[PDB]
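What follows is one structure encoded as structure tokens, with my remarks underneath.
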Amino acid sequence: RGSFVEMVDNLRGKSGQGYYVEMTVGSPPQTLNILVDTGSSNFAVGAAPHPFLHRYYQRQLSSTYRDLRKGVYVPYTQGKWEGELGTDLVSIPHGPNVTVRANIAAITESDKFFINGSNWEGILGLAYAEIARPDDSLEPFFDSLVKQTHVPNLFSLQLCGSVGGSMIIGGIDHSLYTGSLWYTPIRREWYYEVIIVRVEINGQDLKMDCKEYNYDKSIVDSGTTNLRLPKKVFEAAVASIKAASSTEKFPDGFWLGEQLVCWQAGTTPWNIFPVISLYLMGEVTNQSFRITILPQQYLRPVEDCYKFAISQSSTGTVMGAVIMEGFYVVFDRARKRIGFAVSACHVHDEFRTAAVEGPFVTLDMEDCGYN
Ligand SMILES: C[C@@]1(c2cccc(Nc3cccc4cc(Cl)cnc34)c2)COCC(N)=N1
Ligand code: NA
Ligand code: NA
């Protein structure tokens, strides 16, 4: 409890390609790098020699593999994969010293799923059974982990924005954050759904009906890059950010994520860009707290050229890597709550820092949830 030195800095990645952890599947153990995803609930790994893959799960080499004789087809907005379901023994070498039997989707065919040039070969869906494919009877990895061992029912993530970080399975490491954790309820166990109750750009309340912030939901998602906002809310959001940054100028394509913007090095104009504050529903009636991020988070380096990493959504709010990179995030499943604290490793400058502050008084917070 409070210290897990063997799990610190167990995450790796490249900018724009996500955060992965080392895992092993099978007996004898086969090592794979696996993308950490709080926004889905399947453990799925490449199992055939797709050209983009450094390696893949070879079931024939595992004595502990059990076939479930069942297939799954998983289409996403743009990409898809299909696989064969089975179970096997799974470990996390820089995680707890346990081995569990978990469901695994052996990916046999995929389209626009694997990234050319990336160093990961599968995905670890850490969300709940409700959104597992093909249905909620396929037990997610973390559920199996907790069912089968003494690992406490929680994990935490420090995403450090080339990239790195920590996944603490079964606890919290207090070295990884400053100040206090502040918790928001998980509204429902499907995605890690939360409720946003107020939004400010540089102190300026958007003053929208707070229902709009969570239309049709708001989720915390390590498998998405952007801070994604409901269209109606995005429209208000950029309008205020554009106006806040009207000092200098960039094309209108930039704000729709349709083109990059560039400055010469040593001299990105950070200060003309506003901070973004999300107030989150608190643990107590009429009580909220707020988390604050920087352009460092929402203007993402591409290789000094940057993408604007806030975008509109038809799927609700998605607090992706743009948000999580400012914070140590505690997925306290046991108490159905999400904790945020200022990350010890977050990218900032000498003028502004990421912030987690409270308590604030906010009335009618339950009206903020969409139904
Ligand atoms: C299943 C699904 C999925 C499927 C495949 C890859 C990813 N993740 C990613 C890909 C490429 C770049 C990334 C950079 C970051 Cl920071 C984080 N995830 C990244 C996520 C669908 O999309 C949303 C979701 N939550 N999970
Ligand atoms: Na247990
Ligand atoms: Na601390």
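Order of listing sets the numbers, starting from 1, for every ligand and every atom in it. We number each residue from 1, following the sequence as shown.
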For atom 9 (C) of ligand 1, which candidate among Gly18, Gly122, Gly223, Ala321 provides the closest heavy atom? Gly223

Go through the side-chain N and O atoms of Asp349 and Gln296 and say whether any donor and acceptor fall under 3.5 Å apart. yes

What are the atoms of ligand 1, with element, lying closer than 4.0 Å to any heavy atom of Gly16? 12 (C)

Do the non-hydrogen side-chain atoms of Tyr19 and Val163 ever get within less than 4.5 Å of each other? yes

Considering only heavy atoms, which of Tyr19, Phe113, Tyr76, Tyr191 lies nearest to atom 5 (C) of ligand 1? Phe113

Does a side-chain heavy-atom distance below 4.5 Å link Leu32 with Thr24? no

Treat each ILVMFWY residue as a node, draw an edge where side-chain heavy atoms are under 4.5 Å apart, and state whether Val151 and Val100 are in one component. yes

Going by the order shown, which atoms of ligand 1 are within less than 4.0 Å of some heavy atom of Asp37? 1 (C), 2 (C), 24 (C), 25 (N), 26 (N)

For ligand 1 and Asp221, I'd like to know whether there is a polar contact (N/O to N/O, distance under 3.5 Å). yes

Please find the N/O/S atom of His174 nearest to the Na ion (ligand 3) and write down its name. O

Can you find a non-hydrogen atom of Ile115 under 4.0 Å from ligand 1? yes

Closest approach of any protein heavy atom to atom 4 (C) of ligand 1, naming residue and atom: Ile123 CD1, 3.8 Å

For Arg333 and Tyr192, test the side chains for any donor-to-acceptor distance below 3.5 angstrom and give the result as yes or no. yes

Metal check, the Na ion (ligand 2) vs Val146 N/O/S, cut-off below 3.0 Å: yes

Counting backbone and side-chain atoms alike, is an N, O or S atom of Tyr177 positioned under 3.0 Å from the Na ion (ligand 3)? yes

Would you mind telling me if ligand 1 is within reach of the side chain of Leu35, the backbone, both or neither, using heavy atoms under 4.0 Å? side chain

For the Na ion (ligand 2), does an N/O/S atom of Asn153 lie at less than 3.0 Å? no

Show, in sequence, the C-alpha distance, side-chain angles and deciding distance for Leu126 and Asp37, and conclude whether the side chain to side chain contact (heavy atoms under 4.5 Å, CB included) test is met. CA-CA 6 Å; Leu126 290 162; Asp37 183 17; over 6 Å; no

In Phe351, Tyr306, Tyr298, the residue satisfying ring-ring contact (aromatic ring centres under 6.0 Å, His included) with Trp270 is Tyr306

Closer than 4.0 Å to some heavy atom of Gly39 - which atoms of ligand 1 meet that? 25 (N)

Is it true that a side-chain atom of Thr267 and a backbone atom of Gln264 form a donor plus acceptor pair closer than 3.5 Å? yes

Heavy-atom gap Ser222 to ligand 1 smaller than 4.0 Å: yes

In this structure, which one of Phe4, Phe141, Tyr328, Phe331 forms a ring-ring contact (aromatic ring centres under 6.0 Å, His included) with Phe155? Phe331

